[PDB]
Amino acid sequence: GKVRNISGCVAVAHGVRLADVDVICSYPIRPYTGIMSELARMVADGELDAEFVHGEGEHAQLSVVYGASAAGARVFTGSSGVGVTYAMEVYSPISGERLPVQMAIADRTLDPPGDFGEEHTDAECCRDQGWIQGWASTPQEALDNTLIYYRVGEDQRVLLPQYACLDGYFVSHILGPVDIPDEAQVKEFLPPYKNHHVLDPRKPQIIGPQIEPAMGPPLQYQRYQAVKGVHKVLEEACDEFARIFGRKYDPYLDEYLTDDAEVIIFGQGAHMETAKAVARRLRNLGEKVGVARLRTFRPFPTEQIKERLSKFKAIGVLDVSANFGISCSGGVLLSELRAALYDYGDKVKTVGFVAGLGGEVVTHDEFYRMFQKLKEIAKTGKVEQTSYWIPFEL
């Protein structure tokens, strides 16, 4: 389709428009606001026929699309920072009721104080809620993930809600080249939303009756199985997306120069692209470094990582978040990577880097200092401390 220079916000909106979303619930909060402004324009200019509900808050947003998805509509909403945490109560009801709601998250640091800069902290708080979750690093990927997560989420084998996350400002605001696909391609890729339950007087159902503790484990295990079936469906989706849209995505890891790398940096989102840039410049010096960008955060590709990242001497995990008090005092990505690569704990050295706090840019120099540390660790096999907080400790 037509290539245009657009922000990630507008890229998401085009993904929503092409998805022919039936109900959209809006509420403003920087830096995601632009997504709704663009959708409100499309509905006003007749580019998209959808119910544009002005939610009175983020908690209400997720509630509106909760009700709408149960009535059989394809829904869309989104938020940022405290807006994500404000609607926290509704996330679990949505997934446990198997409503494939999609929520876009342009990341923003949580209060306090006020800060419009991004952290992945806001979206990572929802990692237990039982949603599909991943980070887009480019405006192009933001559009693409929108279409992908709908297909995977609304898949009758899955029927789970999805978080389509993108870095605040860096992806959401900064204009980038995007290939906006055709409606014929999307209709070929995305089937109409059909659930196993719906609110319809002709076929009356009771959705969500109070249960006793004895009914606890089976229902919870029932959702557990739905989560573990996502990876298979995601793989089938990424192959379909490559065949229709011409862009081939890896469902788990976006690897760069890792074939003969001795140390790599692991993370997700926009800053990983800068890591690729620094890695390439460092190769010219002789340093054999690589980058592994996580494409799917939930459900965590534990095994895929175990067999693909266990061949490096050292792994530096970037956490653009403030996961306070966590094990090893890095971030969530570090803890879950170490958990995944537990068997090779003596051979593959791991350390965590915390940077990009409060939305601060993770500079090339900072990445260079990260790679130098990994170089030292790989040579000595000695990790003096499990985490480094940039730029105070490294």
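Just count from 1 along the sequence shown to find any residue number.
As recorded in the PDB entry, 340 to 348 is the stretch of 322 to 330 and 340 to 348 with the greater mean C-alpha temperature factor. Here the stretch with the larger average CA B-factor, out of 186 to 194 and 290 to 298, is 186 to 194.
Highest C-alpha temperature factor among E273, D155, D128, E89 per the entry: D155. Within the listed group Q222, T85, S79, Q304, the record reports its top CA B-factor for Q304. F245 sits in the highest third of its chain by CA B factor, as recorded in the PDB entry. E58: CA B factor lies in the lowest third for its chain, per the PDB record. Sorting the modelled residues of the chain by their CA temperature factor places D107 in the lowest third.
Placement of the Cα temperature factor of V12 within the chain: middle third of the modelled residues, per the deposited record. In this PDB entry, the Cα temperature factor of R280 sits in the middle third of its chain's modelled residues.
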